[PDB]
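First the structure, in the form of structure tokens, and then the observations on it.
In listed order, ligands and their atoms are each counted from 1. Lettering follows sequence order; numbering is per chain, from 1. Below, each value reflects all heavy atoms present in this structure, side chains not excepted, and no hydrogens, waters or symmetry copies.
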Amino acid sequence: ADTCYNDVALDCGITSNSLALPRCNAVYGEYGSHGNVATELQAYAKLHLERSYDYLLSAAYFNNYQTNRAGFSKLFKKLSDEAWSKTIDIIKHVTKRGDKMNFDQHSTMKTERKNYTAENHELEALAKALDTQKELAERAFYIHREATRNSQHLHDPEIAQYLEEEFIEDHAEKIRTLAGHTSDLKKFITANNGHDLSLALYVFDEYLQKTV
Amino acid sequence: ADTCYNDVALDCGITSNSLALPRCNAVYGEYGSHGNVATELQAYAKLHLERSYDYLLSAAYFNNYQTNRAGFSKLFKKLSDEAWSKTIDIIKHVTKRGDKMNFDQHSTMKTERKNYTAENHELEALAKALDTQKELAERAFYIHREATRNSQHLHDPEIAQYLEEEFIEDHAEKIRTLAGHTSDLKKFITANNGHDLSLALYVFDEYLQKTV
Amino acid sequence: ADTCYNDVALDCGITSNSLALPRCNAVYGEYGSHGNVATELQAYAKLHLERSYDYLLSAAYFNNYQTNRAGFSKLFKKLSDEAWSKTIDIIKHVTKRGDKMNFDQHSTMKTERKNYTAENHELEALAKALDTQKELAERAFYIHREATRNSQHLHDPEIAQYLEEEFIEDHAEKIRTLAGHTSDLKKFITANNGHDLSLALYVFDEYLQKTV
Amino acid sequence: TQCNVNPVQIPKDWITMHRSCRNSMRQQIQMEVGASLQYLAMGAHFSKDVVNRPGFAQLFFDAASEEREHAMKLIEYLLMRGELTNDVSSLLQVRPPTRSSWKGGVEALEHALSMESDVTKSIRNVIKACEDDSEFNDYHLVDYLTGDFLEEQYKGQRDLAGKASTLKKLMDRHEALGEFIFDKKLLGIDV
Amino acid sequence: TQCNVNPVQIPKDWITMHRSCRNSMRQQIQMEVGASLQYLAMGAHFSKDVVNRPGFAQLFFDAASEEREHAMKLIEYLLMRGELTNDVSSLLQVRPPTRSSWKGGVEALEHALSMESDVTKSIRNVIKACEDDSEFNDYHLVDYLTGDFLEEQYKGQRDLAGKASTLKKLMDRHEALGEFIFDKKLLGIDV
Amino acid sequence: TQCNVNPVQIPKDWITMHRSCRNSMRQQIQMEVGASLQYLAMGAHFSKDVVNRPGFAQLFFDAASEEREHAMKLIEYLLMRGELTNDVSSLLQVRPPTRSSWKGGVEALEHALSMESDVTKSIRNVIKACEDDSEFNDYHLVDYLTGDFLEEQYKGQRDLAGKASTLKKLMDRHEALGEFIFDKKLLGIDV
Ligand SMILES: [Ca+2]
Ligand SMILES: [Ca+2]
Ligand SMILES: [Fe+3]
Ligand SMILES: [Fe+3]
Ligand SMILES: [Fe+3]
Ligand SMILES: [Fe+3]
């Protein structure tokens, strides 16, 4: 059983001429040794980073003079700021657990390839926001399962509790909110032959300005 | 892979004459598709609803002029109010996750059938309260296991964390408190041939008024 | 199905001459009946108790007139006080769940035997603190796994959430902090042939006084 | 073993409610509970992601809690009069409500108005039973039901009727936007 | 590799404790720790659901923490005098306490009184060793043990003796109710 | 189904930016984003347990967020001028940064200084493109880039250059202690 104390005893001996101390790091519970939890967490920071900029572009698009939807723009700006903040938080968690961030790490979770386009009408934009938030949420479920269930030799409840507290609880609220927005728009489009659509989009945008 | 965005692209086409958008809802992690977690959560709201009214009747019984135990009545009124509040909270969680509440949903957990009677002497009433709280607690353990362990294709840590935070932590405190009350009454009944029983029940009820 | 209510009905009968009430306790979810979770929790209180006094001796050693490292002493005093406080908290949790504390309970987790010595130079002391905190953290991982994964008939998310909230989250921070301290000392020892070591230890101790 | 104290008896002449009145009160208690359960189902319906009317959801969850309070007030009245020393377990029965879905806010408001209208009629029948018993006119309970319960009923009906009229006028051409705005107004939000 | 700094030496004439006194202090430190562990076991016992005396549990957990503080004060005294530059690891040993169950509050209070009485006698023996060493009368340590430690001991014994007398008088006919009330009074609760 | 509103057109004479200037601004936006990603990697490096320089980590995470704000300010300027009604998706691309490790704080500070120096030169080139277009001298944007962006650049370069000089002087004989103290000073901690 290698320990940091034993590494010190060995290397601090007059016989030694170095001080490697490989066990004197923050790694415990074999974090990073078994399973894919460590690399998946790095890829999760990368997903938040990419989405933060996708949301930023949507916020910009809704703030052009033709669309001019301050409420939709505010909704996306908030999603962007939150994803940017989470990117940094995950990077710090990766290093807190004794690993190092690799910005080119890929996830093993088989996820289809669909480019994010910022130029969308209101319903399309909310639908894409809903899909991307569900993807972030299901990725957290995947990492959580990898940490506490998929590998016989890996059990990391620290990562599980971190995901539960910092990601999982709030994902349900965001997804429910976005799903509700798509239902509202769907009704504006279909009821009474969609006759109130333009006034409804204006009223809905004003509502977002007050509630986002 | 069906997504809300793809449903919008298809239905918002000039070819379409409807806007179903089946994937534009708050369902993710296949909630409700595999396992019994979704139906068990609905049945859990139903159990709290039924118990809230059982506790309310016990609170009423202890407030009749013959029993007149304000402390016991307050204990049951608090249990009733908490169970009523949890009923609404669970219903809201069921809908937050994209499902709908069904008030006739039954649990699969094999639980014996024992009618709740409100007319009881003090020890009997506390014993029944203890048993019903243990049942609520074990039902939470069951749903938690169904969400994260029993089904190979179902892993829902959002439901697990919700149960951990909103139900599981507090159940241990309530059960320990009620178990302690039954121990106190047991001693009043058995020590010194139970000679101090009537004075002890009065003193104990006054104690409940100050601590519930 | 034995219940506290049924025990009361039986024992409070004119036929009875006793009041055992074996089911009127705080035990639920078969806590203590299957698996090793109950005994492991007791052994965990014992580990914290032993470590609290080991840390106390290190705090004393660094406060002798020759070492006179107030920062190192403060670091160990804090670790000691926290471990003492956790010892009492775990004992209370053991009894909250209806069990009783046994101070001679041993853990099944195969852990090597290495006496804790308080007389150490700075790097050695931090290395040992790091190793003992990793041991406390991995023991929590072990109990957590025993409660929710290792035994088919045992699922206790109350113990799991208790460990997650009261131990697991904070262990990562402490271990990362201690690992960082060993890295700093390693550099003081190796850079520029270790020429700045004595001044660096003084500066580092002053830094600990401000940040512990 | 003796787990309870031998009961004592005190004077009972002060306990005066008569059977017909007491039975009507017991039936009213079950009716209030039934109303609380039906309102819970309305709250659940408007909470669905595909309905998404949080204003209506809150309105009906609040109504459910209020009906539960009405049941508790009637129970407290019986206890004050010296009743419910037994027959407490049979006072209530929780059962799934009859309806669980509504086409929109107007249908739910009209259903609520009809439920309240039924409760008002039932309370007036409790008053009749309690006042007209040839052996005992229960002046105090009649007064309590009239001044407290009916007061709440009439104000509540007028409130629901007005909400239904206002929203229904918007349905022929503004079903979606009209209900959306009305729903946010229920939350105190002027869009 | 050189991981530590070559030690330096400063004047040592100020370091004056003698061996017999120092050894008695080391033994007292272990005794205080042993007392803290025995009090932890009392706290654990009264915390059990089947015993349920939270007042007694808190009383003994508080006593356990206080004994730990006593051990720390003795260690700090030795450090102030220039001792413990070595032989620190052997100062203490944590072992399971001898007793883990008590019949009731009276037995625990009487056991605590006896433990305190033993500690008082042991401190008086440390004082004797430190004062009567023919080569060095340690005036300051004797004064510290007498004015601080014995002061706490005598007040503590009187407190425990009074609690034991008061509760024991209730045991011949009021074991359950007497202990229940006494226990809540320990929490500052007048039922 | 008609899910969107038929677009409307309003006067466009007020939209005056020319192509060369607009394209240089779009390229600058990508450059700011690239800088934010490179600073994130520096923050990540100094956050490692084996590097452990929290002062440097915070300095670079703060710089990453500031570069993201610079990108947002340039995007807002284009939007104010009537641009980005299309071609928004192609504005940015997130890619892994080129460098992920540095030998120490000095190497990272010198790399940051060089990155800032490159950004300053690039902004001056945007200014040239926007000012010297023979068909349209964009006075306002040139002024904005000069008074806001270049102001931040020159102050930032001087700050980084000073930090690099100060720390580098400590490297020939005090690499570990010098960087340790400097790192804590970045956190406002005087050891
Ligand atoms: Ca878990
Ligand atoms: Ca948790
Ligand atoms: Fe939490
Ligand atoms: Fe009512
Ligand atoms: Fe002591
Ligand atoms: Fe910039």
Checklist entry - Mind checking whether the Fe ion (ligand 6) has an N, O or S of F:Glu32 under 2.8 Å? => result yes
Checklist entry - With a cut-off of 2.8 Å, does F:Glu116 place any N/O/S atom under that distance from the Fe ion (ligand 6)? => result no
Next on the checklist: Quick check: of its N, O or S atoms, which one does D:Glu67 have closest to the Fe ion (ligand 4)?
Outcome noted: OE1
Item to check | Option from C:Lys92, C:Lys96, C:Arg97 for which salt bridge (charged side-chain N to carboxylate O under 4.0 Å, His left out) with B:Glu173 holds | outcome: C:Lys96
Checklist entry - Between D:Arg68 and B:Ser80, which heavy-atom pair has the shortest distance, and what is it? => result NH2-OG, 2.9 Å
Item to check | Minimum-distance atom from the Fe ion (ligand 6) among N, O or S atoms of F:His70 | outcome: ND1
Checklist entry - In terms of ring plane angle, is the pair C:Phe167 and C:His171 parallel, tilted or perpendicular, where the classes change at 30° and 60°? => result tilted
Checklist entry - Any N/O/S atom, backbone or side chain, of C:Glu165 lying under 2.8 Å from the Fe ion (ligand 3)? => result yes
Next on the checklist: Would you call the rings of F:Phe60 and F:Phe46 parallel, tilted or perpendicular, taking 30° and 60° as the class edges?
Outcome noted: tilted
Next on the checklist: Could you report the tightest heavy-atom contact between A:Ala140 and A:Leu163, atom names first, then the distance?
Outcome noted: O-CD1, 3.8 Å
